[PDB]
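Chemist: these are from a larger complex, still in place; more later:
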Amino acid sequence: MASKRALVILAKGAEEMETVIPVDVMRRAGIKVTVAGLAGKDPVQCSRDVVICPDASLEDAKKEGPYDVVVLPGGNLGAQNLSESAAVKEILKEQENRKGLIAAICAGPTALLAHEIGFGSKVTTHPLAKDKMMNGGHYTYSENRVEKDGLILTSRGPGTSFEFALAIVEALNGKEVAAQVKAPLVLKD
């Protein structure tokens, strides 16, 4: 069994907590994570001005698939950049076609709407992103902190990022690995 692989797509204006918590937690789980810059190889200015250097450009990372999960951070402007990207559309449609997991948090799930991914699923988002996500009634809305309907895994905000990340770990590597990764984090529950 080869290690699982995750693609985290990092755009200008991404929520840096929603980027770093899943990357770090997935690496703790032994997942090979590629932080891929939407715009290219250069550093990315996140929503609260943390600057992250991606591992690769998305252009290069997309040639090295497939991935066991594609992860979409939130941040209002980051999600808008993901939603406008033809490269993201192609990656998500390929992942959906191959029955691979797609995980999105906060405003991130609105890129699923933009790219017509996973219609008919139960989803959650940040409260403030609900109306955008629900435009057209293509999904059924959930208030769960993490929502998983098959291969569409969504979550609500910075404060649900650990739960989101651990749900990705459980989906890829199982409940026992998720529990082992969780304990050293000092989560409240």
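Modeler: Yep, it's here. Residues are numbered from 1 along each chain as shown, chains lettered A, B, ... in the order given.
Chemist: where does the nearest residue to residue A:54 once chain neighbours are set aside fall, phi/psi-wise?
Modeler: Of all residues not flanking residue A:54 in the chain, residue A:37 sits nearest, at 3.6 Å (Cβ to Cβ, 6 or more residues apart in numbering). For every residue, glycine as well, the C-beta is placed using N, CA and C. Residue A:37 adopts backbone torsions of phi -80, psi 120, taken as degrees, to the nearest 10.
Chemist: touching, residue A:37 and residue A:60? I think so.
Modeler: No: in this structure, residue A:37 is not within contact of residue A:60 by Cβ atoms under 8 Å, at 9.5 Å.
Chemist: with neighbour numbers in mind, choose between those two.
Modeler: Shown here are residue A:37 and residue A:60; by other Cβ atoms under 10 Å, residue A:37 has more neighbours (23 against 15).
Chemist: the more buried one: what's it in contact with?
Modeler: Counting by Cβ atoms under 8 Å, 6 or more residues apart in numbering, residue A:37 touches A:10, A:11, A:44, A:54, A:56, A:57, A:58.
Chemist: same thing with residue A:25?
Modeler: Contact analysis of residue A:25 by Cβ under 8 Å, 6+ apart lists A:162, A:165, A:166, A:168, A:169, A:181, A:185.
Chemist: quick check on the fifth one: phi, psi?
Modeler: This points to residue A:169. phi -60, psi -50.
Chemist: please report how far it lies from residue A:181.
Modeler: The gap separating residue A:169 from residue A:181 is 6 Å, by Cβ to Cβ, to the nearest Å.
Chemist: mind adding chain B? sequence follows:
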Amino acid sequence: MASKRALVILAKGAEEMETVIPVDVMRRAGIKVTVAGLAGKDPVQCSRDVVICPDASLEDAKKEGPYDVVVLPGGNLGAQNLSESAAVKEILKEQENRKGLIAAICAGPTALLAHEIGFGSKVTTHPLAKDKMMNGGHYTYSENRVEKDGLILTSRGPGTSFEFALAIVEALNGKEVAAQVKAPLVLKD
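Modeler: The block that follows adds chain B to the chains above:
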């Protein structure tokens, strides 16, 4: 009233979640945060291989004090780098002498021990850093998720980082600002 100012000292091997969560939450609170690279101006490879570009070198940022809080992220190797640094020693002793807040998380508080800061305080750390912190009995240990004894504010792990950050916000900008910053995060409590 001018905005409060925070210095976050970023060393190789820092825990990236414990760096980014406080930076982001403090910026949401309107605090002017400087992410200062211990080693210089160049990007920093964190414990789980997230690469963060600092705002400034510590050498330059230290000339632009004083700061209302100095923040020490954890990560075992990052804290060891902070503990070995004469520049960090000088900054922490100046902050202590001026009765300014010092905040440290996970293994971060062990740099307080190394630099002889805040002896006689109640402190917490990550469970695995307790023995190092308690060598000599210079502090009294706490299992609270966040511990504040006057101007020494400590916390336990990645999963206490939001609580830690919000405690810094409350100390600097008050309980109402902390509550307002907290609500959009979708924390469980």
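Chemist: check the contacts of residue A:37 one more time with chain B there.
Modeler: Going by Cβ atoms under 8 Å, 6 or more residues apart in numbering or on different chains, residue A:37 touches A:10, A:11, A:44, A:54, A:56, A:57, A:58.
Chemist: and which of those residues is nearest chain B?
Modeler: Distance ranking of the contacts of residue A:37 against chain B, using Cβ to the nearest Cβ, places residue A:54 first at 8.3 Å.
Chemist: burial check on the closest one, number of neighbours?
Modeler: Using other Cβ atoms under 10 Å in any protein chain shown, residue A:54 has 25 other residues around it.
Chemist: so it touches residue A:10, yeah?
Modeler: Yes: between residue A:54 and residue A:10 there is a contact under Cβ under 8 Å: 5.4 Å.
Chemist: overlap in contacts, those two.
Modeler: With Cβ under 8 Å, 6+ apart, residue A:54 and residue A:10 have common neighbours A:35, A:36, A:37, A:44.
Chemist: can I get those in CSV with secondary structure?
Modeler: Below are the shared contacts of residue A:54 and residue A:10 laid out as CSV (DSSP: H, G, I helix; E, B strand; the rest coil):
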residue, secondary structure
A:35, strand
A:36, strand
A:37, strand
A:44, strand
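Chemist: may I ask which two of those are separated the most?
Modeler: Across those, the longest distance by Cβ to Cβ is 10.1 Å; it joins A:36 and A:44.
Chemist: overlap in contacts of those two?
Modeler: Common contacts of residue A:36 and residue A:44 (Cβ under 8 Å, 6+ apart): A:10, A:54.
Chemist: and these two? Which one has more around it.
Modeler: Using other Cβ under 10 Å, the more surrounded residue of residue A:36 and residue A:44 is residue A:36, with 27 against 23.
Chemist: sorry, back to before: and of the shared contacts of residue A:54 and residue A:10, the nearest to chain B?
Modeler: residue A:35 (7.3 Å).
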